[PDB]
Each structure stands twice: as structure tokens, then as C-alpha cells.
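Going by the order they are written in, the chains are A, B, C, D and E; count residues from 1 in each one.
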Amino acid sequence: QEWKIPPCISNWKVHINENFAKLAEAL
Amino acid sequence: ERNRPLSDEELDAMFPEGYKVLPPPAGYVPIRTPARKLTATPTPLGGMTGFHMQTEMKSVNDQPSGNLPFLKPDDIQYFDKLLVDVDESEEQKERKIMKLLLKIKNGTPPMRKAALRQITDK
Amino acid sequence: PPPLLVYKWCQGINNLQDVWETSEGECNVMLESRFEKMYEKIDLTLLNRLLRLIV
Amino acid sequence: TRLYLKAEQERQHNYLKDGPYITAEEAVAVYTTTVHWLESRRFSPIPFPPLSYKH
Amino acid sequence: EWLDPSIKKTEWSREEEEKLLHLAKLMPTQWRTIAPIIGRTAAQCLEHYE
């Protein structure tokens, strides 16, 4: 079962920092 | 000629329905009366304008609803009643819906066609 | 035009006060450089507040 | 082209992860300085173009 | 922009409004940066902001 291989069917063939808050509120 | 002074019945003759005449003061009216004499007098007097540097709402109207093909800057005078968005409460709604004229005047050729028929059958 | 700028720049140098006098040990320095990455480092958030001061 | 766009996507992603590099107090220094300049220069802001504008 | 089924078409919950307002105050006028963070289309979150 382990060596079942997903078929390679072809398609051819995010986080953010909180420093932005401190900056923006500062300005 | 066309500059000949006018009378209040003649004044009521030009403008359409639904407008009021205002005095704000009797005093500002006396300013308007001295204005003639002061068009000469106060133009010969101290005056000027200036601006200061300071940091800084903006209303405006095209003809929105869905589409409403565009209005030339002058044609507003005619089609102003269409600009206001007040809607859905008799004859006033027939004049209001009659702006299909605007669709005949300006717009795409299909709008002109379909509009033309729609106003024919009405 | 740019070359005319070069001319304004040269005669601009030569018209400076006592520009070439080395008598007392005066020293002239020409410096040319670039800002390196300038476009790429502009910050949009800041640029907004900077434009709010203008328009 | 492909390399450049790769390192580009890198730099954007690192600018979001690592936050603005200008820090804060610096940015305030910039904004303030510009303010003083435009102040002493009597610069009036550029308004929005009106509907009726002869130019 | 629109037809993609992964796009979320529905009302905004309270959390999405909190997040949208906060972020829009964080990075003014940047819609293509915010839109992926809240999981909505840029035009959509614009319309919802106005």
C-alpha cells in the first residue's frame, strides 16, 4: 500500500508580520 | 434689446415649476443694490486672495443606475432630473421614465434602436 | 538638454568664489554616485503618506 | 527573466515576513522633515482636477 | 476574479470584518496584499469595505 504512487496527472501536459501595525500606527 | 429690465411676473414666466425666490437679509439685498455702485466702487478698493499650505467629502454625480450612456457637460441641464437617485415614490414618473430620450440621443446604436421602438409603442 | 547641463556644470564650477586657489591649503572634492537600489526599496505604505502631503 | 522573477518573489515574500525595513522612528523622521520643507516652501497642495477645467 | 469556485461568495462574518478593517488600516490602499490574507477577492473586499 505504501508504494502506491499518486498518479502524476499533469497540470501542464501566507503570513504577515505585526511590525506593519507598529509602523502604520506610528505614521 | 435682450438686456431690458424685467418684472416679477416676467421672472415667474421663465423658470419652470418648483422654485422659491429668496431674500437672505434685507441687508445683503442692500449690498446687491449698492453692488452696481460698488461694482465700480469696491473694484477700486483693496482686495486679493491667497492660500496656505495645509493637509486635507468630494461628492459628484454622473448618471448612474446600471448603465445610462454618458451625458455631455451641457446636457445636464436637461437631464439633471435623471441624475438624482430617489426612486419608487404618477406623471412625474412618466417624465422620469421618458428619459429614454437620453438613450436615443447618446449611446450605442442598439440602445438607440431598442429605445426608439420602446418609445414608439408607448 | 543634457550636454548643455554639462556646460552649466563646468562654468558653474569655474564661477565659484576663489574655487581654484590652493594658497591656504584649500581642497576641492568631486563626488559622483548612485542611490543603488532606490526604486526597489521605496515603501508603498510610506509613499502613500508622502503623497498625501502633495496632492 | 525567470531567475529575476524568482528572486523577486523571494524579496516580496521576505518583505512581508520580515516586515518593513524602515523601522519606525526613521520613517517619522522622513515624514517630519518633508513636512518642514514643504512648510517653508509655501507649497500649496495640488487639488483634484475639477469637471470644468479649461486645460 | 469571479468564476473560480475557490472564490468565496457569501456574507462576511464578524471575524472577517475585524480582520479586513484592521489590515486596511495597517496597509492603506493595498488590496492585492490584503485580499489573500482574508481569503477573499480584492474587488469583493473592496466593495465590502466601502
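Just so we're on the same page, a contact is a pair of C-beta atoms (placed from the backbone, for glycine too) under 8 Å apart; a residue touches a chain by one contact, two chains touch by 3 or more.
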Subject >> Interface with more contacting C-beta pairs, comparing A-E to A-D >> reply: A-D
Original post:
In terms of CA centres, which chain lies closest to the overall middle?
Top reply: D
Original post:
For chain B and chain E, what's the span in angstrom between their mean Cα positions?
Top reply: 39
Subject >> Distance between the centres, which are taken as Cα means, of chain C and chain A, whole angstrom >> reply: 44
**OP:** Calculate how many whole Å lie between the centre of chain B and the centre of chain C, each centre taken as the average of the chain's C-alpha atoms.
**Re:** 53
Original post:
Hey, how far is the Cα centre of chain C from the one of chain D, in Å?
Top reply: 21
**OP:** Going through chain B residue by residue, note those that touch at least 2 other chains and give them in order.
**Re:** 55-56
Subject >> Residues of chain E whose C-beta touches two or more other chains >> reply: 27-28
**OP:** Would you mind listing the residues of chain D that make contact with two or more other chains?
**Re:** 16, 20, 22, 27, 31, 38, 45, 48
Original post:
Of all residues in chain A, which touch chain E in the complex?
Top reply: 14, 16, 20-21, 24
Original post:
In their complex, what parts of chain C are in touch with chain D?
Top reply: 40-41, 43, 45-46, 49-50, 53-55
**OP:** Name, in rising order, each residue of chain B that touches chain D in their complex.
**Re:** 51-56, 58, 60, 73
Original post:
Which residues, counting only chain E, touch chain A once they are in their complex?
Top reply: 22, 25-28, 36-37
Subject >> Residue numbers on chain E that touch chain C, as the complex places them >> reply: 27-30
